[PDB]
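Next comes work_29.cif, a file with mmCIF, N, CA, C and O atoms.
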data_upload
#
loop_
_atom_site.label_atom_id
_atom_site.label_comp_id
_atom_site.auth_asym_id
_atom_site.auth_seq_id
_atom_site.Cartn_x
_atom_site.Cartn_y
_atom_site.Cartn_z
N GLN A 150 11.17 -29.85 -20.19
CA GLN A 150 12.50 -29.27 -20.27
C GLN A 150 12.73 -28.75 -21.68
O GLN A 150 12.35 -29.40 -22.66
N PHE A 151 13.36 -27.59 -21.78
CA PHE A 151 14.01 -27.22 -23.02
C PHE A 151 15.21 -28.12 -23.27
O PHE A 151 15.87 -28.58 -22.34
N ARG A 152 15.47 -28.37 -24.55
CA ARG A 152 16.54 -29.27 -24.95
C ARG A 152 17.51 -28.52 -25.86
O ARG A 152 17.48 -27.29 -25.92
N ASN A 153 18.36 -29.25 -26.56
CA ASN A 153 19.52 -28.64 -27.19
C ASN A 153 19.15 -27.87 -28.46
O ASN A 153 18.04 -27.95 -28.98
N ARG A 154 20.14 -27.13 -28.95
CA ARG A 154 19.99 -26.28 -30.12
C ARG A 154 19.69 -27.10 -31.37
O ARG A 154 20.42 -28.03 -31.72
N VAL A 155 18.59 -26.74 -32.04
CA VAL A 155 18.09 -27.46 -33.19
C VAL A 155 18.05 -26.59 -34.44
O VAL A 155 18.41 -27.05 -35.53
N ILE A 156 17.63 -25.34 -34.31
CA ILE A 156 17.55 -24.39 -35.41
C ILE A 156 18.69 -23.40 -35.28
O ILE A 156 18.97 -22.90 -34.19
N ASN A 157 19.35 -23.11 -36.40
CA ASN A 157 20.31 -22.01 -36.45
C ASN A 157 19.54 -20.69 -36.49
O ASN A 157 18.96 -20.33 -37.52
N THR A 158 19.54 -19.97 -35.38
CA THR A 158 18.80 -18.73 -35.24
C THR A 158 19.56 -17.51 -35.73
O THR A 158 19.04 -16.39 -35.63
N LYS A 159 20.78 -17.68 -36.24
CA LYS A 159 21.64 -16.54 -36.57
C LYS A 159 22.22 -16.64 -37.97
O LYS A 159 23.25 -16.02 -38.25
N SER A 160 21.59 -17.41 -38.86
CA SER A 160 21.89 -17.34 -40.29
C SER A 160 21.28 -16.06 -40.85
O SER A 160 20.07 -15.99 -41.08
N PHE A 161 22.11 -15.05 -41.06
CA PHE A 161 21.64 -13.75 -41.53
C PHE A 161 21.31 -13.72 -43.01
O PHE A 161 20.72 -12.74 -43.48
N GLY A 162 21.67 -14.75 -43.77
CA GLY A 162 21.30 -14.83 -45.17
C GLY A 162 21.82 -13.70 -46.03
O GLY A 162 21.21 -13.38 -47.06
N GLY A 163 22.94 -13.09 -45.65
CA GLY A 163 23.45 -11.93 -46.35
C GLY A 163 22.60 -10.68 -46.26
O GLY A 163 22.87 -9.72 -46.99
N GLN A 164 21.59 -10.65 -45.40
CA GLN A 164 20.80 -9.44 -45.18
C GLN A 164 21.39 -8.64 -44.02
O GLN A 164 22.04 -9.19 -43.13
N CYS A 165 21.15 -7.33 -44.04
CA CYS A 165 21.36 -6.47 -42.88
C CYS A 165 19.99 -6.07 -42.35
O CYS A 165 19.48 -4.98 -42.62
N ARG A 166 19.39 -6.97 -41.58
CA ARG A 166 18.04 -6.79 -41.03
C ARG A 166 18.11 -6.23 -39.61
O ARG A 166 17.89 -6.93 -38.62
N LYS A 167 18.41 -4.94 -39.51
CA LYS A 167 18.39 -4.26 -38.22
C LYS A 167 16.96 -4.17 -37.69
O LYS A 167 16.02 -3.88 -38.43
N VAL A 168 16.81 -4.42 -36.38
CA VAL A 168 15.65 -3.98 -35.62
C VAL A 168 16.12 -3.19 -34.41
O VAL A 168 17.13 -3.53 -33.79
N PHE A 169 15.39 -2.12 -34.08
CA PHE A 169 15.63 -1.33 -32.87
C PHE A 169 14.71 -1.78 -31.75
O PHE A 169 13.49 -1.60 -31.83
N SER A 170 15.28 -2.37 -30.71
CA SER A 170 14.53 -2.73 -29.51
C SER A 170 14.23 -1.48 -28.69
O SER A 170 15.13 -0.89 -28.09
N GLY A 171 12.96 -1.08 -28.66
CA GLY A 171 12.55 0.02 -27.81
C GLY A 171 12.67 -0.27 -26.33
O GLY A 171 12.66 0.65 -25.52
N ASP A 172 12.79 -1.55 -25.98
CA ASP A 172 13.01 -1.96 -24.60
C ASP A 172 14.46 -1.73 -24.20
O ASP A 172 14.76 -0.95 -23.29
N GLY A 173 15.38 -2.42 -24.87
CA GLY A 173 16.80 -2.26 -24.61
C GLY A 173 17.40 -0.99 -25.17
O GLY A 173 18.55 -0.69 -24.87
N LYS A 174 16.63 -0.24 -25.95
CA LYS A 174 17.11 0.97 -26.60
C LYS A 174 18.39 0.72 -27.39
O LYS A 174 19.36 1.48 -27.31
N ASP A 175 18.39 -0.37 -28.16
CA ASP A 175 19.58 -0.81 -28.88
C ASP A 175 19.12 -1.47 -30.17
O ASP A 175 18.02 -2.01 -30.25
N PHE A 176 19.99 -1.43 -31.18
CA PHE A 176 19.76 -2.15 -32.42
C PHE A 176 20.26 -3.58 -32.31
O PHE A 176 21.33 -3.84 -31.77
N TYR A 177 19.47 -4.51 -32.84
CA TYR A 177 19.86 -5.91 -32.95
C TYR A 177 19.71 -6.36 -34.40
O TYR A 177 18.85 -5.87 -35.13
N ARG A 178 20.57 -7.30 -34.80
CA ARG A 178 20.48 -7.92 -36.12
C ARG A 178 19.61 -9.17 -36.03
O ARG A 178 20.01 -10.16 -35.41
N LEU A 179 18.44 -9.14 -36.66
CA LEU A 179 17.65 -10.34 -36.83
C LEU A 179 18.27 -11.25 -37.89
O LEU A 179 19.01 -10.80 -38.76
N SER A 180 17.95 -12.54 -37.80
CA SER A 180 18.24 -13.43 -38.91
C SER A 180 17.44 -13.02 -40.14
O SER A 180 16.41 -12.35 -40.06
N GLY A 181 17.93 -13.45 -41.31
CA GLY A 181 17.22 -13.24 -42.56
C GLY A 181 15.93 -14.02 -42.71
O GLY A 181 15.13 -13.70 -43.59
N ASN A 182 15.71 -15.04 -41.87
CA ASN A 182 14.60 -15.96 -42.07
C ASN A 182 13.51 -15.90 -41.00
O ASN A 182 12.39 -16.34 -41.28
N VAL A 183 13.79 -15.39 -39.80
CA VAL A 183 12.76 -15.35 -38.78
C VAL A 183 11.61 -14.46 -39.24
O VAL A 183 11.82 -13.36 -39.78
N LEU A 184 10.38 -14.94 -39.02
CA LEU A 184 9.19 -14.22 -39.47
C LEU A 184 8.97 -12.92 -38.71
O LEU A 184 8.74 -11.87 -39.32
N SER A 185 9.03 -12.95 -37.38
CA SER A 185 8.95 -11.72 -36.61
C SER A 185 9.67 -11.84 -35.28
O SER A 185 9.81 -12.94 -34.72
N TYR A 186 10.13 -10.70 -34.77
CA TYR A 186 10.69 -10.60 -33.43
C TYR A 186 10.46 -9.18 -32.93
O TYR A 186 10.96 -8.23 -33.52
N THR A 187 9.71 -9.06 -31.83
CA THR A 187 9.20 -7.78 -31.35
C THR A 187 9.33 -7.72 -29.83
O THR A 187 9.35 -8.75 -29.16
N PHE A 188 9.45 -6.50 -29.30
CA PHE A 188 9.86 -6.29 -27.92
C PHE A 188 8.84 -5.54 -27.06
O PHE A 188 9.23 -4.94 -26.06
N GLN A 189 7.56 -5.53 -27.41
CA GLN A 189 6.56 -4.98 -26.50
C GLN A 189 6.37 -5.87 -25.27
O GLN A 189 6.42 -7.10 -25.35
N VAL A 190 6.16 -5.22 -24.10
CA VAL A 190 6.10 -5.87 -22.79
C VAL A 190 4.67 -6.09 -22.31
O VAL A 190 3.80 -5.23 -22.49
N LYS A 191 4.44 -7.26 -21.69
CA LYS A 191 3.31 -7.50 -20.79
C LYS A 191 3.81 -7.80 -19.38
O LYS A 191 4.81 -8.49 -19.20
N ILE A 192 3.10 -7.27 -18.37
CA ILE A 192 3.33 -7.62 -16.96
C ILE A 192 2.02 -8.09 -16.32
O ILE A 192 0.99 -7.42 -16.44
N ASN A 193 2.07 -9.24 -15.66
CA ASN A 193 0.95 -9.83 -14.92
C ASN A 193 1.32 -10.01 -13.45
O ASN A 193 2.32 -10.67 -13.15
N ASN A 194 0.53 -9.43 -12.55
CA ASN A 194 0.68 -9.60 -11.10
C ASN A 194 -0.55 -10.30 -10.52
O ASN A 194 -1.67 -9.82 -10.70
N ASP A 195 -0.34 -11.43 -9.84
CA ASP A 195 -1.31 -12.07 -8.95
C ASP A 195 -0.81 -12.09 -7.50
O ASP A 195 0.23 -12.71 -7.22
N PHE A 196 -1.54 -11.44 -6.59
CA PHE A 196 -1.17 -11.32 -5.17
C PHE A 196 -2.32 -11.77 -4.27
O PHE A 196 -3.45 -11.30 -4.42
N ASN A 197 -2.03 -12.68 -3.32
CA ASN A 197 -3.00 -13.24 -2.38
C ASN A 197 -2.55 -13.11 -0.92
O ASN A 197 -1.46 -13.56 -0.57
N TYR A 198 -3.39 -12.51 -0.06
CA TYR A 198 -3.33 -12.75 1.38
C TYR A 198 -4.46 -13.69 1.81
O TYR A 198 -5.62 -13.49 1.44
N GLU A 199 -4.11 -14.71 2.61
CA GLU A 199 -5.04 -15.39 3.52
C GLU A 199 -4.47 -15.39 4.94
O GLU A 199 -3.41 -15.98 5.17
N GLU B 395 -22.46 -17.53 44.62
CA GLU B 395 -22.29 -17.75 46.06
C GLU B 395 -23.49 -18.49 46.63
O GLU B 395 -24.63 -18.07 46.44
N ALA B 396 -23.22 -19.59 47.34
CA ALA B 396 -24.25 -20.38 48.01
C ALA B 396 -23.78 -20.77 49.41
O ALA B 396 -22.66 -21.26 49.58
N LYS B 397 -24.64 -20.55 50.41
CA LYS B 397 -24.36 -20.94 51.79
C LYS B 397 -25.58 -21.59 52.41
O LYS B 397 -26.71 -21.11 52.24
N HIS B 398 -25.35 -22.68 53.14
CA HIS B 398 -26.36 -23.34 53.96
C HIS B 398 -25.80 -23.58 55.35
O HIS B 398 -24.75 -24.21 55.50
N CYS B 399 -26.47 -23.05 56.38
CA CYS B 399 -25.92 -23.09 57.73
C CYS B 399 -27.05 -23.26 58.74
O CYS B 399 -28.07 -22.58 58.65
N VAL B 400 -26.85 -24.17 59.70
CA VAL B 400 -27.86 -24.51 60.69
C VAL B 400 -27.23 -24.56 62.08
O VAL B 400 -26.08 -24.98 62.24
N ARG B 401 -28.00 -24.13 63.08
CA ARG B 401 -27.60 -24.18 64.49
C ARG B 401 -28.73 -24.81 65.29
O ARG B 401 -29.89 -24.42 65.15
N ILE B 402 -28.39 -25.79 66.13
CA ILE B 402 -29.36 -26.51 66.94
C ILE B 402 -28.89 -26.55 68.38
O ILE B 402 -27.70 -26.75 68.66
N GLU B 403 -29.83 -26.34 69.31
CA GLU B 403 -29.54 -26.32 70.74
C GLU B 403 -30.66 -27.06 71.47
O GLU B 403 -31.84 -26.86 71.17
N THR B 404 -30.28 -27.90 72.43
CA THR B 404 -31.26 -28.59 73.26
C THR B 404 -30.70 -28.76 74.67
O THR B 404 -29.55 -29.17 74.83
N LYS B 405 -31.52 -28.44 75.67
CA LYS B 405 -31.24 -28.76 77.06
C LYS B 405 -32.47 -29.40 77.68
O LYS B 405 -33.59 -28.93 77.46
N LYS B 406 -32.26 -30.47 78.44
CA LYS B 406 -33.34 -31.21 79.08
C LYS B 406 -32.97 -31.49 80.53
O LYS B 406 -31.84 -31.89 80.82
N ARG B 407 -33.93 -31.27 81.43
CA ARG B 407 -33.73 -31.46 82.86
C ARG B 407 -34.88 -32.28 83.42
O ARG B 407 -36.04 -32.10 83.03
N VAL B 408 -34.56 -33.19 84.34
CA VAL B 408 -35.51 -34.19 84.80
C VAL B 408 -35.53 -34.21 86.32
O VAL B 408 -34.78 -33.49 86.98
N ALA B 411 -31.67 -35.32 86.72
CA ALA B 411 -30.68 -35.38 85.66
C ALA B 411 -30.77 -34.15 84.76
O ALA B 411 -31.86 -33.62 84.54
N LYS B 412 -29.63 -33.70 84.25
CA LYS B 412 -29.58 -32.63 83.26
C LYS B 412 -28.72 -33.09 82.09
O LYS B 412 -27.57 -33.51 82.29
N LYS B 413 -29.27 -33.01 80.88
CA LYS B 413 -28.52 -33.22 79.65
C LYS B 413 -28.74 -32.03 78.73
O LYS B 413 -29.83 -31.46 78.68
N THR B 414 -27.69 -31.66 77.99
CA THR B 414 -27.80 -30.66 76.94
C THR B 414 -26.92 -31.06 75.76
O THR B 414 -25.84 -31.61 75.95
N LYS B 415 -27.40 -30.77 74.55
CA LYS B 415 -26.58 -30.85 73.34
C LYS B 415 -26.82 -29.61 72.49
O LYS B 415 -27.97 -29.22 72.27
N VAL B 416 -25.73 -29.00 72.02
CA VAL B 416 -25.79 -27.91 71.05
C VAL B 416 -24.86 -28.24 69.89
O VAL B 416 -23.72 -28.68 70.11
N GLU B 417 -25.33 -28.01 68.67
CA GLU B 417 -24.52 -28.24 67.47
C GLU B 417 -24.73 -27.10 66.49
O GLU B 417 -25.85 -26.63 66.30
N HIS B 418 -23.64 -26.66 65.86
CA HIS B 418 -23.67 -25.69 64.78
C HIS B 418 -22.99 -26.26 63.54
O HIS B 418 -21.88 -26.80 63.63
N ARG B 419 -23.65 -26.13 62.39
CA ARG B 419 -23.13 -26.62 61.12
C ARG B 419 -23.32 -25.56 60.05
O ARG B 419 -24.39 -24.94 59.96
N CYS B 420 -22.29 -25.34 59.23
CA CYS B 420 -22.31 -24.32 58.20
C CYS B 420 -21.49 -24.79 57.00
O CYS B 420 -20.45 -25.44 57.17
N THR B 421 -21.95 -24.45 55.79
CA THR B 421 -21.22 -24.71 54.56
C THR B 421 -21.37 -23.53 53.61
O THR B 421 -22.45 -22.96 53.50
N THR B 422 -20.28 -23.18 52.94
CA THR B 422 -20.27 -22.19 51.87
C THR B 422 -19.81 -22.81 50.56
O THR B 422 -18.81 -23.54 50.54
N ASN B 423 -20.52 -22.53 49.47
CA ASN B 423 -20.06 -22.89 48.13
C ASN B 423 -20.05 -21.65 47.24
O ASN B 423 -21.03 -20.89 47.21
N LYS B 424 -18.94 -21.44 46.52
CA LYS B 424 -18.82 -20.41 45.50
C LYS B 424 -18.26 -20.99 44.20
O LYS B 424 -17.38 -21.86 44.23
N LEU B 425 -18.77 -20.51 43.06
CA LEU B 425 -18.14 -20.73 41.77
C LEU B 425 -18.04 -19.40 41.03
O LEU B 425 -18.97 -18.59 41.07
N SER B 426 -16.91 -19.19 40.35
CA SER B 426 -16.76 -18.16 39.32
C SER B 426 -16.10 -18.73 38.06
O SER B 426 -15.07 -19.42 38.16
N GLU B 427 -16.69 -18.46 36.89
CA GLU B 427 -16.02 -18.73 35.62
C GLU B 427 -16.00 -17.47 34.76
O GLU B 427 -17.00 -16.76 34.65
N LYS B 428 -14.83 -17.20 34.17
CA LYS B 428 -14.62 -16.11 33.22
C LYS B 428 -14.12 -16.62 31.87
O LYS B 428 -13.18 -17.42 31.81
N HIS B 429 -14.76 -16.17 30.78
CA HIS B 429 -14.35 -16.53 29.43
C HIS B 429 -14.03 -15.26 28.65
O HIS B 429 -14.63 -14.21 28.88
N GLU B 430 -13.08 -15.37 27.72
CA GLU B 430 -12.88 -14.37 26.68
C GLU B 430 -12.37 -15.04 25.40
O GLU B 430 -11.58 -15.99 25.47
N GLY B 431 -12.81 -14.55 24.25
CA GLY B 431 -12.27 -15.01 22.98
C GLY B 431 -12.28 -13.92 21.94
O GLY B 431 -13.17 -13.07 21.90
N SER B 432 -11.25 -13.94 21.08
CA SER B 432 -11.11 -13.03 19.94
C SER B 432 -10.77 -13.82 18.68
O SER B 432 -9.87 -14.66 18.71
N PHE B 433 -11.49 -13.55 17.59
CA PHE B 433 -11.14 -14.03 16.26
C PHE B 433 -11.19 -12.88 15.27
O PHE B 433 -12.17 -12.13 15.24
N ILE B 434 -10.13 -12.73 14.45
CA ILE B 434 -10.17 -11.87 13.27
C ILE B 434 -9.64 -12.62 12.05
O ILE B 434 -8.69 -13.41 12.17
N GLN B 435 -10.25 -12.37 10.89
CA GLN B 435 -9.79 -12.91 9.61
C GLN B 435 -9.78 -11.82 8.54
O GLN B 435 -10.62 -10.91 8.56
N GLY B 436 -8.83 -11.90 7.61
CA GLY B 436 -8.85 -11.07 6.42
C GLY B 436 -8.16 -11.70 5.23
O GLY B 436 -7.29 -12.56 5.38
N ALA B 437 -8.57 -11.27 4.03
CA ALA B 437 -7.95 -11.69 2.77
C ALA B 437 -7.76 -10.49 1.84
O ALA B 437 -8.60 -9.59 1.82
N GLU B 438 -6.66 -10.49 1.08
CA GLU B 438 -6.51 -9.64 -0.10
C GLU B 438 -6.26 -10.46 -1.37
O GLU B 438 -5.46 -11.40 -1.36
N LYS B 439 -6.94 -10.09 -2.45
CA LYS B 439 -6.52 -10.38 -3.82
C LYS B 439 -6.17 -9.08 -4.53
O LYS B 439 -6.92 -8.11 -4.44
N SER B 440 -5.03 -9.06 -5.22
CA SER B 440 -4.73 -8.02 -6.19
C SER B 440 -4.25 -8.63 -7.50
O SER B 440 -3.35 -9.48 -7.51
N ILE B 441 -4.86 -8.21 -8.61
CA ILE B 441 -4.54 -8.67 -9.96
C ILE B 441 -4.34 -7.46 -10.86
O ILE B 441 -5.25 -6.64 -11.01
N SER B 442 -3.15 -7.34 -11.45
CA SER B 442 -2.77 -6.19 -12.25
C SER B 442 -2.18 -6.66 -13.57
O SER B 442 -1.40 -7.62 -13.61
N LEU B 443 -2.57 -5.99 -14.66
CA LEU B 443 -2.01 -6.22 -15.98
C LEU B 443 -1.53 -4.91 -16.60
O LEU B 443 -2.23 -3.89 -16.53
#
Please express what this file holds, its structure, as structure tokens.
Amino acid sequence: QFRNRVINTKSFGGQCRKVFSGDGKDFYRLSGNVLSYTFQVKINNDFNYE
Amino acid sequence: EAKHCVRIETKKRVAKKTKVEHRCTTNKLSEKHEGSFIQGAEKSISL
């Protein structure tokens, strides 16, 4: 199970760290401290008939 | 189809006696069978 909030993910640190999500086609503000956050997609399909 | 059938006749005169008998039997068997089986599988994996 995922559990409760432990890290503050939205301390911007006085930075204006815009990222443009090419997926959502929108700008988001990253925190000042997160190392990376990126929006490239993978899709995996497994399909079985018996 | 199988049949076995016999007929017997006798007359004797000396007094007169006669006996005649006919016996017949038929046997038939038929059996019919049919069966069908089909199987199939698909796997599809896409990335």
Taking all atoms listed in the file into account, find every residue of chain B that has an atom no more than 6 Å from chain A, and write it out as number ranges by chain.
B: 436-443
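Using all atoms listed in the file, the residues found no farther than 8 Å from residue 165 (chain A), other than those of its own chain fewer than 5 positions away, are residues 177, 178, 179, 180 and 181 of chain A.
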Residue set, chain A restricted to strand (DSSP E or B), as JSON, numbers by chain
{"A": [167, 168, 169, 170, 175, 176, 177, 178, 194, 195, 196, 197, 198]}
Would you mind reading off the distance between CA of residue 415 (chain B) and CA of residue 399 (chain B), one decimal, in Å?
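If I compute the distance from CA of residue 415 (chain B) to CA of residue 399 (chain B), I get 17.4 Å.
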Evaluating the PyMOL selection byres (((chain A and resi 187 and name CA) around 10) and name CA) on the displayed file yields which residues, as a PDB file with N, CA, C and O atoms, in the coordinates of the input?
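The file below, part.pdb, is the result:
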ATOM      1  N   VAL A 168      16.810  -4.420 -36.380  1.00  0.00           N
ATOM      2  CA  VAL A 168      15.650  -3.980 -35.620  1.00  0.00           C
ATOM      3  C   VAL A 168      16.120  -3.190 -34.410  1.00  0.00           C
ATOM      4  O   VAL A 168      17.130  -3.530 -33.790  1.00  0.00           O
ATOM      5  N   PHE A 169      15.390  -2.120 -34.080  1.00  0.00           N
ATOM      6  CA  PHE A 169      15.630  -1.330 -32.870  1.00  0.00           C
ATOM      7  C   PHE A 169      14.710  -1.780 -31.750  1.00  0.00           C
ATOM      8  O   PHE A 169      13.490  -1.600 -31.830  1.00  0.00           O
ATOM      9  N   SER A 170      15.280  -2.370 -30.710  1.00  0.00           N
ATOM     10  CA  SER A 170      14.530  -2.730 -29.510  1.00  0.00           C
ATOM     11  C   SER A 170      14.230  -1.480 -28.690  1.00  0.00           C
ATOM     12  O   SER A 170      15.130  -0.890 -28.090  1.00  0.00           O
ATOM     13  N   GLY A 171      12.960  -1.080 -28.660  1.00  0.00           N
ATOM     14  CA  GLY A 171      12.550   0.020 -27.810  1.00  0.00           C
ATOM     15  C   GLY A 171      12.670  -0.270 -26.330  1.00  0.00           C
ATOM     16  O   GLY A 171      12.660   0.650 -25.520  1.00  0.00           O
ATOM     17  N   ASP A 172      12.790  -1.550 -25.980  1.00  0.00           N
ATOM     18  CA  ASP A 172      13.010  -1.960 -24.600  1.00  0.00           C
ATOM     19  C   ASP A 172      14.460  -1.730 -24.200  1.00  0.00           C
ATOM     20  O   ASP A 172      14.760  -0.950 -23.290  1.00  0.00           O
ATOM     21  N   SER A 185       9.030 -12.950 -37.380  1.00  0.00           N
ATOM     22  CA  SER A 185       8.950 -11.720 -36.610  1.00  0.00           C
ATOM     23  C   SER A 185       9.670 -11.840 -35.280  1.00  0.00           C
ATOM     24  O   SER A 185       9.810 -12.940 -34.720  1.00  0.00           O
ATOM     25  N   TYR A 186      10.130 -10.700 -34.770  1.00  0.00           N
ATOM     26  CA  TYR A 186      10.690 -10.600 -33.430  1.00  0.00           C
ATOM     27  C   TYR A 186      10.460  -9.180 -32.930  1.00  0.00           C
ATOM     28  O   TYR A 186      10.960  -8.230 -33.520  1.00  0.00           O
ATOM     29  N   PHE A 188       9.450  -6.500 -29.300  1.00  0.00           N
ATOM     30  CA  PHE A 188       9.860  -6.290 -27.920  1.00  0.00           C
ATOM     31  C   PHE A 188       8.840  -5.540 -27.060  1.00  0.00           C
ATOM     32  O   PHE A 188       9.230  -4.940 -26.060  1.00  0.00           O
ATOM     33  N   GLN A 189       7.560  -5.530 -27.410  1.00  0.00           N
ATOM     34  CA  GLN A 189       6.560  -4.980 -26.500  1.00  0.00           C
ATOM     35  C   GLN A 189       6.370  -5.870 -25.270  1.00  0.00           C
ATOM     36  O   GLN A 189       6.420  -7.100 -25.350  1.00  0.00           O
ATOM     37  N   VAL A 190       6.160  -5.220 -24.100  1.00  0.00           N
ATOM     38  CA  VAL A 190       6.100  -5.870 -22.790  1.00  0.00           C
ATOM     39  C   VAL A 190       4.670  -6.090 -22.310  1.00  0.00           C
ATOM     40  O   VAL A 190       3.800  -5.230 -22.490  1.00  0.00           O
TER      41      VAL A 190
END
Skip residue 417 (chain B) itself and residues of its chain fewer than 3 positions away, then list as an MDAnalysis selection string all residues within 6 Å of it, counting all atoms listed in the file.
chainID B and resid 400:403
Limited to N, CA, C and O atoms, could you put the picked residues into a file as a compact mmCIF listing (two decimals), in the frame of the given file?
# COMPACT_ATOMS: atom_id res chain seq x y z
N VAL B 400 -26.85 -24.17 59.70
CA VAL B 400 -27.86 -24.51 60.69
C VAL B 400 -27.23 -24.56 62.08
O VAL B 400 -26.08 -24.98 62.24
N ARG B 401 -28.00 -24.13 63.08
CA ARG B 401 -27.60 -24.18 64.49
C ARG B 401 -28.73 -24.81 65.29
O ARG B 401 -29.89 -24.42 65.15
N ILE B 402 -28.39 -25.79 66.13
CA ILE B 402 -29.36 -26.51 66.94
C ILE B 402 -28.89 -26.55 68.38
O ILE B 402 -27.70 -26.75 68.66
N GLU B 403 -29.83 -26.34 69.31
CA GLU B 403 -29.54 -26.32 70.74
C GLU B 403 -30.66 -27.06 71.47
O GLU B 403 -31.84 -26.86 71.17
Just give me the gap between atom N of residue 406 (chain B) and atom C of residue 420 (chain B) in Å, one decimal is fine.
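Atom-to-atom, atom N of residue 406 (chain B) to atom C of residue 420 (chain B), that is 24.7 Å.
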Between atom O of residue 164 (chain A) and atom N of residue 184 (chain A), measure the distance and give it in Å to one decimal.
13.6 Å
Fewer than 3 positions away in the same chain doesn't count, so skip those; otherwise give me all residues within 8 Å of residue 426 (chain B), counting only N, CA, C and O atoms, as an MDAnalysis selection string.
chainID B and resid 395 423 429
Go ahead and save the picked residues with N, CA, C and O atoms, as a PDB file, keeping the file's coordinate frame.
ATOM      1  N   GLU B 395     -22.460 -17.530  44.620  1.00  0.00           N
ATOM      2  CA  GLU B 395     -22.290 -17.750  46.060  1.00  0.00           C
ATOM      3  C   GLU B 395     -23.490 -18.490  46.630  1.00  0.00           C
ATOM      4  O   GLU B 395     -24.630 -18.070  46.440  1.00  0.00           O
ATOM      5  N   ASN B 423     -20.520 -22.530  49.470  1.00  0.00           N
ATOM      6  CA  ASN B 423     -20.060 -22.890  48.130  1.00  0.00           C
ATOM      7  C   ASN B 423     -20.050 -21.650  47.240  1.00  0.00           C
ATOM      8  O   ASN B 423     -21.030 -20.890  47.210  1.00  0.00           O
ATOM      9  N   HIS B 429     -14.760 -16.170  30.780  1.00  0.00           N
ATOM     10  CA  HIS B 429     -14.350 -16.530  29.430  1.00  0.00           C
ATOM     11  C   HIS B 429     -14.030 -15.260  28.650  1.00  0.00           C
ATOM     12  O   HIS B 429     -14.630 -14.210  28.880  1.00  0.00           O
TER      13      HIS B 429
END
